[PDB]
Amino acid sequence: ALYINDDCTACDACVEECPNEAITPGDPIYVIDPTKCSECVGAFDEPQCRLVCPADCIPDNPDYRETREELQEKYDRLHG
């Protein structure tokens, strides 16, 4: 899964992009639920939140180096 840096500007521009509602608005920065973040697998080819993030603050979470299989499985548990 991914997570948000402290460079987050809280522009909120990423919430729409997320297909799993894994981003929660915070203060000073936003927080991603590693439980809901499938890195967009099962939805897109690239994580959508990054495509609109100006601060470039959504790195890979070393605490959760999941596999596409795992990620794909996480995706389903959330929708179908």
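Quick note: we count residues from 1 along the sequence shown, nothing fancier.
69-77 and 4-12 differ in mean CA B-factor, and the higher of the two is recorded for 69-77. Among all modelled residues in its chain, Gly26 ranks in the middle third by Cα B-factor. The deposited CA B-factor of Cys49 belongs to the lowest third of values across its chain. Sorting the modelled residues of the chain by their CA temperature factor places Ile32 in the lowest third.
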